[PDB]
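Enquirer: All the letters of the sequence shown, read from the start, carry residue numbers 9 to 13, 15 to 327, 336 to 354 under the deposited numbering. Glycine included, each C-beta is placed from N, C-alpha and C at the ideal position. Below is a structure I'd like to ask you about.
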Amino acid sequence: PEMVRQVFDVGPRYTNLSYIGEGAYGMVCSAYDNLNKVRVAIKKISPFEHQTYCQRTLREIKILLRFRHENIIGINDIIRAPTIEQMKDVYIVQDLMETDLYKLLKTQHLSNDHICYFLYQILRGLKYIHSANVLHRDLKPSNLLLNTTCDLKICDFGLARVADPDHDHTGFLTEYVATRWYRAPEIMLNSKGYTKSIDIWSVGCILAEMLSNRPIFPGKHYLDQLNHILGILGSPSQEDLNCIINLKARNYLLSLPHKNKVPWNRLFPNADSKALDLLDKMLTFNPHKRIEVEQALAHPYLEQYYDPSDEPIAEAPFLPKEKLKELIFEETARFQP
Ligand SMILES: C#CCOC[C@H]1O[C@@H](n2cnc3c(N)ncnc32)[C@H](O)[C@@H]1O
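So, in structure tokens, the structure goes:
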């Protein structure tokens with residue numbers, strides 16, 4: 009069995026391995042697909058020793074196998090042992106992508122043309138996800154893969170859920186898992202993140218980051234995240250406060266000194282004015298006034314690309338660690354032998 013840096018037990022179909030980077034649950038390599046005569050990406054996942062790892066693994070596999078969209082990464086193949094007792098790892102094979110938006114923003118200035126194209130592809134993929142009544146819940150630059158000609162594909166649905174807006178309300182300072190800098194303000198106030206507006210906020214943060222190569226709200230701890238957001242948007246209006254019925258949440262906002270909005274064109278003086286109009290509508294404080302994905306696609310900033318007949322939707326809407342391993346075994350059976 010081939011070894012890298015750790016057994017990489019993917020033969021014989023896949024050979025000529027090359028380390029790419031560490032992942033949540035193991036190694037990511039490129040490898041030559043001796044069947045399709047192309048290099049692919051392979052992710053080694055060793056999750057069976059922790060329930061939370063098994064949850065994220067089953068979610069990714071189940072959703073990505075059901076989804077088929079040009080802007081969403083596919084699963085080409087899954088490698089594991091023939092029996093549950095012998096299965097200690099799972100290998101997910103995907104198209105090989107050159108980079109991701111996180112690594113790209115580290116070193117590359119984006120032209121306005123690239124920003125517009127990236128944002129269109131993000132929203133086009135998100136239209137399909139939301140059409141299936143699914144929330145991604147962890148959109149951020151490192152979960153946006155790019156190939157050598159700047160085709161973009163959303164990946165990592167490990168925290169994704171079915172939308173559940175009737176159960177979205179919670180108390181003030183409720184704990185949350187998804188990446189801090191991309192959390193909507195209502196997560197810190199009264200929301201579990203069970204509605205589609207949680208994803209639009211993240212896309213808004215991603216657009217701001219594309220405009221300046223710096224995360225717009227780099228909060229350093231839970232509550233600091235909310236105070237970063239308020240420092241740019243300014244104090245919420247009386248109407249937006251009155252939508253927050255929870256008293257601990259509302260009284261915290263009331264306790265803060267008045268802060269004025271920072272104009273987007275001051276924060277991003279080189280930005281296209283239409284880009285900043287859309288940014289404003291995505292980074293709206295009140296989640297019920299925040300723009301939806303299909304409205305965002307129809308915004309003048311994206312008029313070069315907008316074609317709703319070429320922006321498809323899904324055909325239909327979409336635990337102990339021992340038990341999750343069983344379901345992972347069964348979900349991956351279609352790729353055997
Ligand atoms: C798991 C995980 C996240 O970090 C994974 C490393 O794998 C990378 N990566 C993940 N999927 C692919 C992929 N499909 N093609 C190329 N590189 C990839 C990611 O950009 C990073 O370099």
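Take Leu-263 and list the residues in its own chain whose beta-carbon comes closer than 8 Å to its own, dropping the five residues that flank it on each side.
Expert: Answer for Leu-263: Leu-250, listed in chain order.
Enquirer: Using the rule of at least 16 other Cβ atoms within 10 Å of the residue's Cβ for burial, across every protein chain shown, is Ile-88 buried or exposed?
Expert: Its Cβ being crowded by 16 or more others within 10 Å, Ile-88 is buried.
Enquirer: Following a CB-centred definition, is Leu-306 positioned closer than 6 Å to any heavy atom of ligand 1?
Expert: Because no heavy atom of ligand 1 lies under 6 Å away, the Cβ of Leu-306 does not count as near it: no.
Enquirer: Find out if the Cβ-Cβ distance for the pair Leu-168, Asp-109 is shorter than 7 Å.
Expert: For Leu-168 and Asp-109, no; Cβs fall outside 7 Å.
Enquirer: Measure from the alpha carbon of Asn-121 to the alpha carbon of each residue in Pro-194, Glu-339, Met-106 and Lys-283, then state which is nearest.
Expert: Nearest of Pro-194, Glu-339, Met-106 and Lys-283 to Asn-121, Cα basis: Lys-283.
Enquirer: Return the CA-CA distance between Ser-318 and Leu-306, expressed in angstroms with no decimal places.
Expert: When rounded, the distance between both Cα atoms is 12 Å.
Enquirer: Just how far apart, CA to CA, sit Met-96 and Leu-336?
Expert: Approximately 19 Å between the Cα atoms of the pair.
Enquirer: Could you tell me whether any non-hydrogen atom of ligand 1 is closer than 6 Å to the CB of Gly-240?
Expert: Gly-240 Cβ: outside cutoff for every heavy atom of ligand 1.
Enquirer: Below 6 Å, is the gap between the Cβ of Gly-32 and the nearest heavy atom of ligand 1?
Expert: Yes, the Cβ of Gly-32 comes within 6 Å of a heavy atom of ligand 1.
Enquirer: Going by C-alpha to C-alpha distance, which of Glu-195, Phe-226, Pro-326 and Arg-75 sits closest to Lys-298?
Expert: The residue with the shortest Cα to Cα distance from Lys-298 is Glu-195.
Enquirer: If we call anything under 7 Å between Cβ atoms a contact, is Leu-105 one with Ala-50?
Expert: Yes, the pair counts as a contact, with Cβ atoms nearer than the cut-off.
Enquirer: Thinking just about the alpha-carbon of each residue, which of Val-16, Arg-48, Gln-15 and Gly-35 is nearest to the one in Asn-25?
Expert: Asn-25 has its Cα closest to that of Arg-48, out of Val-16, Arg-48, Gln-15 and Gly-35.
Enquirer: Using a threshold of 6 Å, is the CB atom of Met-106 nearer than that to any non-hydrogen atom of ligand 1?
Expert: Within the cutoff, so yes.
Enquirer: Give the DSSP bridge partners of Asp-104, in chain order.
Expert: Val-49.
Enquirer: Please report the distance separating the alpha-carbon of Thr-61 from that of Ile-29.
Expert: Rounded to whole angstroms, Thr-61 to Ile-29 spans 24 Å at the Cα level.
Enquirer: Restricting to Cα atoms, I'd like to know which of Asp-98, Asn-80 and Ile-84 is closest to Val-19.
Expert: That would be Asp-98, whose Cα lies nearest to the Cα of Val-19.
Enquirer: Per DSSP, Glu-31 forms a beta bridge with which residues?
Expert: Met-36, per the DSSP bridge assignment.
Enquirer: Any heavy atom of ligand 1 closer than 6 Å to the CB of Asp-42?
Expert: No - ligand 1 has no heavy atom lying nearer than 6 Å to the Cβ of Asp-42.
Enquirer: In the DSSP output, what is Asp-109 paired with across the bridge?
Expert: Looking at the DSSP assignment, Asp-109 forms a beta bridge with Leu-154.
Enquirer: What are the start and end residues of the alpha helix (DSSP H) that includes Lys-162?
Expert: From DSSP, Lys-162 is part of no alpha helix (DSSP H) but of the beta strand (DSSP E) over 161-163.
Enquirer: Note down, in chain order, each residue of its chain lying with its Cβ closer than 8 Å to the Cβ of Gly-180, except the 5 sequence neighbours on either side.
Expert: Excluding sequence neighbours, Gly-180 sits near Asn-199, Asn-255, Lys-257 and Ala-258.
Enquirer: Which residue marks the beginning of the alpha helix (DSSP H) containing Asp-86, and which one marks its end?
Expert: Segment 86-88 is the beta strand (DSSP E) holding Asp-86; no alpha helix (DSSP H) there.
Enquirer: Please list, in chain order, all residues of the same chain as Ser-221 whose beta carbon is under 7 Å from its beta carbon, the five residues on each side excluded.
Expert: So the qualifying residues of the chain are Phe-277.
Enquirer: Count Cβ pairs between the stretch 150-164 and the stretch 235-249 that sit closer than 8 Å; are there 3 or more?
Expert: No: the two stretches stay apart, fewer than three of their Cβ pairs being nearer than 8 Å.
Enquirer: Could you give the DSSP three-state label for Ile-345: helix, strand or coil?
Expert: The answer is helix: DSSP assigns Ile-345 an H, G or I state.
Enquirer: I need the boundaries of the alpha helix (DSSP H) containing residue 331, first residue and last residue.
Expert: No coordinates are present for residue 331, because the numbering of the chain runs from 327 directly to 336.
Enquirer: Return helix, strand or coil for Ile-54, following the three-state DSSP convention.
Expert: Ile-54 falls in the strand class under three-state DSSP.
Enquirer: Contact check, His-145 vs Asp-208 under 8 Å by CB: the rounded distance?
Expert: Contact holds; Cβ gap of about 5 Å.
Enquirer: Using three-state DSSP, classify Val-19 as helix, strand or coil.
Expert: It is coil, neither helix nor strand.
Enquirer: Please name the residue or residues paired with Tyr-41 in a DSSP beta bridge.
Expert: DSSP output for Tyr-41 lists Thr-24 and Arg-48 as bridge partner(s).
Enquirer: Identify every run of the beta strand (DSSP E) within the stretch 227-303, keeping only runs that are complete inside it and at least 3 residues long; order them along the chain.
Expert: Fully enclosed beta strand (DSSP E) runs of 3 or longer: not present.
Enquirer: Give the range of the alpha helix (DSSP H) segment to which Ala-217 is assigned.
Expert: Unbroken alpha helix (DSSP H) run through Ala-217: 206-221.
Enquirer: State yes or no: is the C-beta of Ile-238 within less than 7 Å of the C-beta of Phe-226?
Expert: A contact, by the Cβ cut-off of 7 Å.
Enquirer: Using C-beta distances below 8 Å, list every residue in its chain close to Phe-346, excluding the 5 sequence neighbours before and after it, in chain order.
Expert: Contacts found: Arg-89, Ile-93 and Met-96.
Enquirer: Would the beta-carbon of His-78 fall within 7 Å of that of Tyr-137?
Expert: Their beta carbons are under 7 Å apart, which means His-78 touches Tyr-137 by this criterion.
Enquirer: Apart from the five residues just before and just after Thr-188, which ones in its own chain have a Cβ nearer than 7 Å to its Cβ?
Expert: So the qualifying residues of the chain are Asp-147 and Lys-149.
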